[PDB]
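Here's the structure we're looking at; comments come further down.
Every residue, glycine among them, receives a Cβ derived from its backbone with ideal geometry; neighbour counts consider all protein chains shown. Nothing in this text is a laboratory measurement; each read-out follows from the coordinates by a stated rule.
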Amino acid sequence: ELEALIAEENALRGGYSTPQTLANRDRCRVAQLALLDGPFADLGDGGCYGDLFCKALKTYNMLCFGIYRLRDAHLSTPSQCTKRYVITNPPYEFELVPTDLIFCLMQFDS
Amino acid sequence: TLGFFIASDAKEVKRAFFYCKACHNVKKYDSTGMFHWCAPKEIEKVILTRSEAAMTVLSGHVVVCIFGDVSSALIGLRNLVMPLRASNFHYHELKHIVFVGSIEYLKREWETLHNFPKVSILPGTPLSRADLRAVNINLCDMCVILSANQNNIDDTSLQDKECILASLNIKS
Amino acid sequence: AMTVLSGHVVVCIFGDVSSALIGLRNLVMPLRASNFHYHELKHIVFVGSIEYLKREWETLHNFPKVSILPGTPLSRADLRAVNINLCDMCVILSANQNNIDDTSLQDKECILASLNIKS
Amino acid sequence: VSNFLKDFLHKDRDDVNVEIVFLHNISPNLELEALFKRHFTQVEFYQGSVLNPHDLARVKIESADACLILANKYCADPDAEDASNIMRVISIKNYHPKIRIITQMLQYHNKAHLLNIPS
């Protein structure tokens, strides 16, 4: 419908707020969360990814679908590199480190 | 109901189909209400000088460095701004967008962007360190380097020179 | 939009500031002959680029009922403003008769405009 | 090439056992071919691009003493030529970071870009 409206007018047309549009506002958005100080901080210290996924889905209806991890996280020696790589859909037994980011689809709340 | 799965192999996907429990006043949005919308504004209101951009404080924003000319093909930056202005984001969570680049190309493409809330223009060059320091490039959430000059070159490998030079300049 | 056009002629022109001249006088002169009464004359609206119509206006400014819409034939808003559903005829012309590597691609604008109007 | 070979392969130069390998994608014309034939015992030409790592491997860039990049002094846009030369430097240093590079730069404000390469 938005495609047809844009095709017709070649622009975006504003409109007054109605309950139907405000209901249409509720969607899910892509985000990254850090395990440093969130509610999952205790689970992020060596815990398994499956427990994090189950807790996030059951509590906040949040769908975790990937880890974004520092390149030198597996090295014993400390490093100053802040580059991170992508792990897509890790298994249940995949371990976690506190310096990780979690891809997630978060719901809309007012 | 069709469902979309992420899986290593297609054989395990079939288990989802043969599974049984026995065995185991003011306009703030568009007409559709799916994107943030604002009253149209002239391009003169959003253009910032280097000193004026220095006075304002930008943090957690997006900087789009554009290599474009007055006679180059249009990228279509609306497709870049529309995902960042969806209604599932609150107004305070919207990221400020600063287009750093030539003013002629942005004048050409402004007539599809003037309905979005927080967009600003820096008429400079992505290869100049003064413009990048004025926009607080060390505090931005993301820097997107785009090259509108997608014209054919005798060597295709030389079509990425501006982007690579800008990336190394920003990193250095 | 304020004025009401019915039983008129809409000429949708694909032209640029540096394109060959069609010579639209040859289109307007048959429609302005004296064997038609003044009330039977059909209003003519040229929808297209304003530069090309400025180039060719100096041979058209002596005819009674001619109007200009500086827009694009491929835009539905311009066609709705001119009341395309009430016109007696819509004439789609392409002034960009320049040579193309493939000649079969010289009719793309006219075909796209025709399908857009039909849809 | 004529000037560089005239100075480099001068007769009064002390005895140096150095061979010159010209890597260039554009095939030489008749006069360049004749010039290479006059110095066939010390000068070789190969067709390829610096930006392609395979062509760098063909000319044994990992064992070369130095890489010399010549600029097009007669170009419409000096900035484009400078950017192309800087990208060639980037490619060569990416293949082998320890090689010595002598490059020609047209504009003075562009050589600062060479400070952005870590190698």
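State yes or no: is B:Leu80 in contact with a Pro (Cβ under 9 Å, 6 or more places away or on another chain), closer than 18 Å to B:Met34 by Cα and surrounded by fewer than 18 Cβ atoms within 10 Å (Cβ to Cβ)?
no
When you go through A:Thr82, A:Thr77 one by one, which is the residue that is within 14 Å of chain B (Cβ to nearest Cβ), loosely packed, with under 14 Cβ neighbours inside 10 Å and of a type in the set (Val, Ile, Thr)?
A:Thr82
State all residues of segment B:2-37 that are hydrophobic (A, V, I, L, M, F, W, C), surrounded by 14 or more Cβ atoms within 10 Å (Cβ to Cβ) and touching a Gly at 6+ places or on another chain (Cβ under 8 Å); if no residue qualifies, say none.
B:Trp37
Of all residues in segment A:61-74 being among the charged types (D, E, K, R) and assigned to a loop (DSSP other than H, G, I, E, B), which is surrounded by the most Cβ atoms within 10 Å (Cβ to Cβ)?
Top of the filtered list is A:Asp72.
Consider D:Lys98 carefully, then state whether it is exposed (fewer than 14 other Cβ atoms within 10 Å of the Cβ) and either closer than 20 Å to D:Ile117 by Cβ or among the aromatic types (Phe, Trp, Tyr) (or both).
Against the criterion (exposed (fewer than 14 other Cβ atoms within 10 Å of the Cβ) and either closer than 20 Å to D:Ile117 by Cβ or among the aromatic types (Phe, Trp, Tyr) (or both)), D:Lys98 qualifies.
Kindly provide the set of residues from segment B:134-163 that are under 21 Å from D:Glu81 (Cβ atoms) and part of a helix (DSSP H, G or I), ordered by number.
Residues satisfying the conditions are B:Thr156, B:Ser157, B:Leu158, B:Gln159, B:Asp160, B:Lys161, B:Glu162, B:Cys163.
In the list A:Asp51, A:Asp109, which residue meets the criterion of being loosely packed, with under 14 Cβ neighbours inside 10 Å and either of a type in the set (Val, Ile, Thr) or not in a loop (DSSP other than H, G, I, E, B) (or both)?
None of the other options fit; the residue is A:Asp51.
Taking the residues in segment B:18-67 that are among the aromatic types (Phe, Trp, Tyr) and farther than 21 Å from B:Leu146 by Cα as candidates, determine which candidate is nearest to the other protein chains (Cβ to nearest Cβ).
It comes out as B:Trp37.
Please specify each residue of segment D:72-83 satisfying the condition of being under 22 Å from D:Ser2 (Cβ atoms) and either away from chain B (no Cβ under 14 Å) or surrounded by 15 or more Cβ atoms within 10 Å (Cβ to Cβ) (or both).
D:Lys73, D:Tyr74, D:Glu81
Taking interchain pairs and intrachain pairs at least six residues apart, which have beta carbon atoms under 6 angstrom, with the first residue in segment D:85-102 and on the phi < 0 side of the Ramachandran plot and within 11 Å of chain B (Cβ to nearest Cβ) and the second in a helix (DSSP H, G or I) and buried (at least 16 other Cβ atoms within 10 Å of the Cβ)?
D:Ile86/D:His113; D:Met87/B:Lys161
Out of D:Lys93, D:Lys111, D:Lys60, I need the residue that is under 21 Å from D:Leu5 (Cβ atoms) and in contact with a strand residue (DSSP E or B) (Cβ under 9 Å, 6 or more places away or on another chain). Which one?
Answer to the selection: D:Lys60.
When residues of segment B:3-51 are filtered for being charged (D, E, K, R) and within 17 Å of B:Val81 (Cα to Cα), how many remain?
Of the residues in segment B:3-51, 3 are charged (D, E, K, R) and within 17 Å of B:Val81 (Cα to Cα).
Residues checked against (1) touching a strand residue (DSSP E or B) at 6+ places or on another chain (Cβ under 7 Å); (2) surrounded by 13 or more Cβ atoms within 10 Å (Cβ to Cβ); (3) in a helix (DSSP H, G or I):
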| site | (1), (2), (3) |
| --- | --- |
| A:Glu3 | no, no, yes |
| A:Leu12 | yes, yes, no |
| A:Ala23 | no, no, yes |
| A:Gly38 | no, no, no |
| A:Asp45 | no, no, no |
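Do we have any residue at all in segment B:120-132 that's closer than 24 Å to B:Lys45 by Cβ, within 14 Å of another protein chain (Cβ to nearest Cβ), in contact with a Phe, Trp or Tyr (Cβ under 8 Å, 6 or more places away or on another chain) and surrounded by fewer than 18 Cβ atoms within 10 Å (Cβ to Cβ)?
No: zero hits.
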